[PDB]
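Structural overview
Residue strings, one per chain:
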Amino acid sequence: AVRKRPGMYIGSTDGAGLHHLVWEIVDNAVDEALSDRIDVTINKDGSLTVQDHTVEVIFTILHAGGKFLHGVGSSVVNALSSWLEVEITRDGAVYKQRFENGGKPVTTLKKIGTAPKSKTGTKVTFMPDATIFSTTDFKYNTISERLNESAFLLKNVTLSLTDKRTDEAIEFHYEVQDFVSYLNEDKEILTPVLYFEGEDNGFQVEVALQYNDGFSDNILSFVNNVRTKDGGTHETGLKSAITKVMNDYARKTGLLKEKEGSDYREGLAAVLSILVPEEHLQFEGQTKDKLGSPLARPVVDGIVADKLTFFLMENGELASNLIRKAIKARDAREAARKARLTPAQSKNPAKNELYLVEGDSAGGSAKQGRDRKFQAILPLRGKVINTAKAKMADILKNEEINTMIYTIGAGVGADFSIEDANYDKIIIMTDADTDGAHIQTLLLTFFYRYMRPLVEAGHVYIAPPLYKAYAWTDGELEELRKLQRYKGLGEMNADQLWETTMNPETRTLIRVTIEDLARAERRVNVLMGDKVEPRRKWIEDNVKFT
Amino acid sequence: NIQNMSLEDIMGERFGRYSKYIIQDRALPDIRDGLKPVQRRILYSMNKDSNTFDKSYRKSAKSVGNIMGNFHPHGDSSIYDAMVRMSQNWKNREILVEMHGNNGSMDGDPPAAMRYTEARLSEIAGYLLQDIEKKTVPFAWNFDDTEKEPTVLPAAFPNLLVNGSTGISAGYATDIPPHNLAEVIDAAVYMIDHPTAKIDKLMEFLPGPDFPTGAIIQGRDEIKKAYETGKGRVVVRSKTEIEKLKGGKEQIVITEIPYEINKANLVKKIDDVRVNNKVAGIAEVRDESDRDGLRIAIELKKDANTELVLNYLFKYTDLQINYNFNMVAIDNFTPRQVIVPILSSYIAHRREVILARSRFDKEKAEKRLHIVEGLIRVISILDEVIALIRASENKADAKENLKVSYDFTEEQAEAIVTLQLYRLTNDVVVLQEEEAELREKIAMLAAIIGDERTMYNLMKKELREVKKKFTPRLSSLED
DNA sequence: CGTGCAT
DNA sequence: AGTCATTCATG
Ligand SMILES: C[C@H]1COc2c(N3CCN(C)CC3)c(F)cc3c(=O)c(C(=O)O)cn1c23
Ligand SMILES: [Mg+2]
Ligand SMILES: [Mg+2]
């Protein structure tokens, strides 16, 4: 009688429907265990069997979107199954009974054997009929993702999945903080995991927050152990808490300039879970997908806005830096509505790298060979202006200089903040020739004269093999001896450039360190200064002509 | 992963690296042949390729590409511009490259790109390379370790002073102006005879620079100062006539301007003087230079003080400039401000060259004389030599048998045994004539080697030939 | 100011 | 196939 309008009970599909009654049965047996081990099995047959650690018919009842013999009149599976065999072990016996198609009983429920003492357990195995279903092929990947994400909020339960076709298996158990890890597994991490607990008049909210270098925000919400896919007032309580708690943190001893919104949520991922007392539980229409209960907004905003006005004040590290990020987000965002170097994909001043490459040509191979997630490319076109000889007028009217002053994002001179920067490492990558040497020299003097902190915090670097098995030393080629000599990177392919000098795994970068500020100041000012005679003599004295 | 170095250390291994290279191998001419590395490679490469004065012009881009791929690991623009410059006869007193097409002008308009033009060495450039095949000069491996290139050319004329050089590196710059070939050679010849010669006396032969652009050079004492020390400021002034136009007006006509001056910029700046009325008098400025003659007309107003106008233009334009000597060259791998060490290094260089050339030819002549001696002998004993080779088991056994049975050396055995059958149809007399000519040839060379004077005579004899072949002063001299 | 090998 | 700018030294 459900067989006739199946979409109403399940939303038939191919095979989102098939994968919907398994959800119904599994969530049902969960619901039953809540009031401690559910095992699912895909068989060689094609059939599916859920079993758990009168439980029986309260079990086979489904269409079951909840949590927190007798019947069998409308078990929406029984109705939608070729055959369905069912079995209970209880009191000291074991009973089995099966049905075909409509759920017309092929036999009566009989004792099919002796059960190990009073030990109890329920099991349903069934094959959907290929009549009312177009796909009978249960996917293990899908069932997996379900059971998985199900098990997080289900602290009381452990559930498993075995595929007897592919002979593979998982099991799931979770003792909300983990969930944010699971959500940010293969991503890069701006802040650690922030976790905020709290009861406040009947309501129990529990949130973890953790940013990434991503763009899309990713916020999951849970009331009473099930998901609010469509958000709700608790979510709005959580979003409204941060946008206004951090604005305060900006405003105060930070940066506001006196005189933002979703910009705070860029790359934010968070799993938010409240406990509502159920007599206050109210959602939208038909489905329990969006929490409507009004008190949830000012209780979540309560608990959260409290804990992380504290957290922000508690450490100006992940704090003021995080705000700056919002304004960089605020910057381009409004510059997109105003839209109506080669940059790193995601903004991460903690691992981002700026490559100043000698030449647009080498700049090309650099763009092609790079890891675009965290590596930016800035081609320098021609010898860089000598920041010692030239005037601070012309020095600031220089394209190469002026766009580094901007791409770096910290300004220049004494009006220069090292915390508003954009990269953890600025890497100078030149040809392995005399002129590359020269270029390294003119850039080093600029960074010393005009961004000394960056060179002082060991942020400025200098990036190739000499021989081909590869070697760098005249000694390393004799160990290989038990041969092509590299004349340039141009003899460099993007593939090779990476393996050899750009990959943080397989590369060597000289790190510039200002050791003795005063004897360092003598060196720059003598090699690069206006006066020729000093230089000439330095050369006459240190340069071995032979 | 990471290794630290000091700011003080980084800027030291780098600027030293660069400084050394720009001084030795870029901006500064070698004191002996007067060429920067890029120019030597240009000349060497075109000569290797037979792209000489006596053969068809060859596409510029072909030449440039070969220079780049074989010798000079830099941009083609730079090579090409260098090649073009060596062909411009208002920059070079004696051009070394002949180029067909737009290769620029005194007005400084861009030369055609190297896809249009074509080029070859000039005849005189041939004399810079004379005897390069005779192991006369030291060779090194190219950037590539694939091929040898010369580190200096044989220079059968004194190109450093003849063509000049300029001239900017690190810690040093250079400015050496051009001189007249016959004059520079007269000086060299005197100095060969009188090594301890003083400048005063040298200047009876070499009175001063000789610009391709001509003009008037004023400053005898600064010329002397520069010939002694390598530094000096001289004045260079346009050749000017005056022409009495009808109706009481005059007109200043310029016909030679100062070296390194862009005609067109000069004409514009002189007209700027007229448009701005900085001084009164100028009626019109008119560049009247055609393809065969330089002529600028500065027409004056009626009742215009022509001396005042002229003098003002001399001071406030490049109608007249100061020219500064700063003769720096590379001597024994290092930069030198230099006249005495320059000439003397050159003389010692030619000595090595001529000595080496002569060892090389003598070596050739001996190897040959040695073989001709064996052949003269073989003929006294053909029938039995053919018999012997007939009886030998193979090439190597035949040679062995010729040594053992008749005392020929390896080298003679090789020659005898690699003769073609038709040679057996052949007279000891022809061979004896050759033996005699070789003995004379070896005596001449061996003397040169054992006694310096014979060699210096050759060098003078050759410098005089070059002079007789390649013109009159262009630039007048004034005290 | 512009020169000439370099970027 | 021109055009744009920079190094370096010098007067
Ligand atoms: C190496 C590249 C670098 O860029 C260059 C120029 N620019 C530098 C940056 N400016 C903002 C715009 C202009 C330039 F004006 C001329 C040349 C040039 O003649 C040249 C060559 O190979 O002969 C090569 N290059 C040039
Ligand atoms: Mg290079
Ligand atoms: Mg250029």
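Structure determination for this entry is recorded as X-ray crystallography, at 6.53 Å resolution.

Quick look at the overall build of chain B now. In terms of helices and strands, chain B carries 17 helices and 18 strands. For 479 residues, the compact-globule estimate of 2.2 N^0.38 gives 23 Å, and the C-alpha radius of gyration of chain B, at 30 Å, exceeds that figure by more than 25%. By principal-axis analysis of the C-alpha atoms, chain B measures approximately 105 × 70 × 50 Å.

Regular strands have side chains that alternate between both faces of the sheet. Residues and elements named next belong to chain B. When strand β9 (residues 216–218) meets strand β10 (residues 231–237), the two strands line up antiparallel, connected through 3 bridges. Bridge pairing links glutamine 218 to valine 235 in β10. Of the strand pairs in this sheet, β10 and strand β15 (residues 320–326) are connected by 7 bridges, and their pairing is antiparallel. By the bridge assignment, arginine 237 is partnered in β15 with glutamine 320.

The next thing to look at is the interface of chain A and chain B. Where interface size is given, it is often the accessible area lost as the parts come together that is meant. The partner chain B presents 30 residues to the 34 residues of chain A that form the contact. Elements with a contribution of two residues or more to the side of chain A that touches chain B: α12 (434–456), β19 (509–513), α15 (517–527) and α16 (532–542) of chain A. It is α12 of chain A that contributes the most residues to the side of chain A that touches chain B, 9 residues altogether. By residue class, the composition of the side of chain A that touches chain B is 15 nonpolar, 8 polar and 11 charged. Strand direction decides the pairing type here: β19 of chain A and strand β1 (residues 2–6) of chain B, joined by 5 bridges, are parallel. The partner of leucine 509 of chain A across the bridge, within β1 of chain B, is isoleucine 2 of chain B.

The subject of this paragraph is the packing of helix α2 (residues 18–34) of chain A against helix α4 (residues 140–153) of chain A. Residue and element names in this part refer to chain A. At a closest axis distance of 11 Å, the pairing of α2 and α4 adopts a crossing angle of 30 degrees. Every pair of crossing elements has a handedness; the one defined by α2 and α4 is right-handed. The segment α2 lies against α4, with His19, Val22, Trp23, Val26 and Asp27 engaging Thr142, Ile143, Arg146, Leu147 and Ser150. Among the residues making up the contact of α2 with α4, the classes are represented as 5 nonpolar, 3 polar and 2 charged.

What follows concerns the packing of aromatic side chains. When the ring of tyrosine 227 of chain B is compared with that of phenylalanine 325 of chain B, the centres are 6.1 Å apart and the planes differ by 85 degrees; the resulting orientation is edge-to-face. With a gap of 98 residues between them, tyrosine 227 of chain B in helix α9 (residues 220–229) and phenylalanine 325 of chain B in strand β15 connect regions that are remote in the sequence. The interplanar angle of 90 degrees and the centroid separation of 5.6 Å between the aromatic rings of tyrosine 323 of chain B and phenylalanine 325 of chain B together place this pair among those described as edge-to-face. Among the aromatic residues, those joined into a cluster by ring pairs are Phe152, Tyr174, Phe179, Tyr182 and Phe222 of chain A. In this arrangement the basic side chain of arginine 120 of chain B is found over the ring face of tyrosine 57 of chain B, its NZ or CZ atom lying 3.8 Å from the centre.

Moving on, we get to the domain arrangement of chain B. Residue and element names in this part refer to chain B. Here the domain parsing of chain B yields domain 1 (3–229 + 327–361 + 451–474), domain 2 (230–326) and domain 3 (362–450). Between the C-alpha centres of domain 1 and domain 2 there is a distance of 33 Å. Each side of the interface is counted separately: domain 1 has 34 residues, and domain 2 has 25 residues. Of all the secondary structure elements, the ones that give two or more residues to the side of domain 1 that touches domain 2 are β8 (173–176), β9 and α9. Sort the elements by how many residues they give to the side of domain 1 that touches domain 2 and α9 lands first, with 7 residues. Its residues placed into classes, the side of domain 1 that touches domain 2 shows 19 nonpolar, 8 polar and 7 charged.

Strand pairing in a sheet relies on backbone hydrogen bonds. The paired strands run either parallel or antiparallel. Sheet architecture is open: 6 strands sit in the order β16(A)-β15(A)-β17(A)-β18(A)-β19(A)-β1(B), paired in mixed fashion. Where the open sheet ends on each side, the last strands, each with one partner, are β16 (375–380) of chain A together with β1 of chain B. Averaged over all neighbouring strand pairs, the angle between strand axes comes to 30 degrees, with direction disregarded. Bridging between strand β17 (residues 425–429) of chain A and strand β18 (residues 460–462) of chain A involves 3 bridges; their strand directions are parallel. Looking at the pairing, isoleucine 427 of chain A lines up with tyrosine 461 of chain A of β18 of chain A. Contacts from α12 of chain A reach β15 (353–358), β16, β17, β18 and β19 of chain A within the one sheet, and its direction differs from that of β18 of chain A by about 165 degrees.

Residues and elements named next belong to chain B. Pairing is antiparallel in the open sheet, where 4 strands are placed in the order β11-β12-β14-β13. Either end of the sheet is taken by a strand with one partner, and the two such strands are β11 (239–243) and β13 (282–287). Here the average twist between neighbouring strands, direction ignored, is 20 degrees. Sheet analysis places β13 next to strand β14 (residues 296–300), joined by 5 bridges and oriented antiparallel. Among the inter-strand pairings, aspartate 287 is bridged to a residue of β14, identified as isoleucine 296. Against the sheet, helix α10 (residues 263–276) engages β12 (251–256), β13 and β14, with an angle of about 165 degrees to β13. Taken strand by strand, helix α11 (residues 306–316) contacts β11, β12 and β14, and its axis lies near 135 degrees from that of β14.

What counts, and where the lines are drawn
- Residues numbered from 1 in each chain as written, not as in the entry; some residues may be left out.
- Chains lettered and ligands numbered in written order.
- Heavy atoms only, no water.
- Residues with missing side-chain atoms left out of burial classes, pairs and counts.
- Helix = DSSP H or I, 4+ residues; strand = E, 2+ residues; numbered from the N terminus.
- Rg over C-alpha atoms; globule rule 2.2 N^0.38 Å.
- Pairing = 2+ DSSP bridges.
- Contact = heavy atoms within 4.5 Å.
- Nonpolar A, V, L, I, M, F, W, Y, C, P; charged D, E, K, R; others polar.
- Axes fitted to C-alpha atoms, helices over the stretch in contact; angles between N-to-C directions.
- Left-handed = near helix turned anticlockwise from the far one by under 90°.
- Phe/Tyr/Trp six-rings, centres within 6.5 Å; stacked < 30°, edge-to-face > 60°.
- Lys NZ or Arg CZ within 6 Å of the ring centre and 35° of its normal.
- Domains from an automatic or database assignment.

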